[PDB]
Amino acid sequence: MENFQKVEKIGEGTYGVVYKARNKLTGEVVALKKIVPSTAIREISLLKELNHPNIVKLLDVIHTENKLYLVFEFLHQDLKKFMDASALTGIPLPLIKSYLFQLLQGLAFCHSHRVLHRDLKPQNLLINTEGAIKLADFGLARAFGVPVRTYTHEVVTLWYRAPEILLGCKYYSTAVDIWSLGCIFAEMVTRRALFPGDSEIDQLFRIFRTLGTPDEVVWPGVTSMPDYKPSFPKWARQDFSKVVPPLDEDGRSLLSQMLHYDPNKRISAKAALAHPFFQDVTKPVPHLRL
Ligand SMILES: Nc1nc(N)c(N=O)c(OCC2CCCCC2)n1
């Protein structure tokens with residue numbers, strides 16, 4: 001840590017305080033995350049080779065005195081801040097599309113190397129002035145476990161959690177990131193979170209109230225998951241035209257496939273890249289205030 005000069009405390013991520021810092025020798029500006037058992041060091045260290053334009057680069061892993069600091073590429077704004085700034089107007093559809101498309105490429109790449117994010121949320125999607133969007137914290141939950149409470153004991157968000165995770169599946173897959181991204185896609189479009197649960201049961205029931213209570217007809221095997229209860233209220237599914245009204249039928253069709261209950265049929269990132277919604281995808285530049 002003597003190689004850096006902390007400029008400002010960017011905020012509090014899942015694992016600790018995130019800082020804006022400057023490398024004392026090179027003068028590079030980086031984001032430094034304060035977070036070790038050997039396993040987690042080997043795993044994180046493997047994440048230093050997982051480079052992609054739509055993945056926030058892990059620059060270095062600093063372990064000093066039982067303290068672990070992750071050094072990432074610095075981006076200029078996170079997506080939550082950008083949506084908050086875009087609230088009265090909403091993010092233009094062509095930019096929403098470019099962003100979805102890029103994030104689907106970042107997920108396709110990590111998922112081809114069998115790496116999952118598991119905790120995708122607007123705060124860990126980072127954007128720059130050239131129109132790029134990148135995922136931060138890729139592969140960290142498997143590396144260290146995503147806590148219930150953060151370092152400040154900030155509530156860990158459940159809003160983007162896939163239903164197989166909430167239902168107790170222990171071996172869930174790369175489909176959980178597609179579910180999260182579909183929720184983030186919905187939120188960009190409507191300017192409201194899709195499923196803002198404030199507890200695990202509320203998260204699930206908000207899901208069930210909009211997509212219908214899952215059963216063996218739409219999700220084979222769901223009735224045998226660990227936390228599934230036959231006493232769940234049985235709600236009817238809602239139309240997607242009511243869920244993300246703004247969106248055209250191609251977008252609603254892709255979102256519906258990203259929010260399939262059954263993880264095995266949920267659309268994969270690579271297959272989502274070929275959906276017709278992306279036929280006229282472009283790369284607009286956001287309007288940023290840094
Ligand atoms: N600028 C910047 N660059 C990063 N690479 C980065 N995370 O990886 C990051 O994170 C900013 C977030 C952290 C979570 C709380 C909300 C603010 N910022």
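This chain uses plain numbering: 1 for the first residue, then up along the sequence. Remember, it's 1-based here, ligands and their atoms both numbered in the order they're listed.
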Test question: given the 4.5 Å side-chain rule for I, L, V, M, F, W and Y, name all other residues clustered with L116, or answer none. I165, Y172, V176
Which protein N or O atoms sit under 3.5 Å from any N or O of ligand 1? Give each pair with its distance.
residue: ligand 1; atom: 1 (N); partner: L75; partner atom: N; Å: 3.4
residue: ligand 1; atom: 1 (N); partner: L75; partner atom: O; Å: 2.5
residue: ligand 1; atom: 3 (N); partner: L75; partner atom: N; Å: 3.0
residue: ligand 1; atom: 5 (N); partner: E73; partner atom: O; Å: 2.6
residue: ligand 1; atom: 7 (N); partner: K33; partner atom: NZ; Å: 3.3
residue: ligand 1; atom: 8 (O); partner: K33; partner atom: NZ; Å: 3.0

Worked verdict on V156 versus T150 for side-chain contact (heavy atoms from CB on, under 4.5 Å): CA-CA 7 Å; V156 166; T150 87; 3.5 Å; yes
Distance from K80 atom NZ to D78 atom CG, nearest 0.5 Å? 9.0 Å
When clusters are formed from ILVMFWY side-chain contacts under 4.5 Å, directly or step by step, what else is grouped with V217? none
Roughly how far, to the nearest 0.5 Å, is the CZ atom of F195 from the CG atom of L259? 6.0 Å
Could you list who else is in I10's hydrophobic cluster, with ILVMFWY side chains joined at under 4.5 Å, directly or through other members? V18, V29, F74
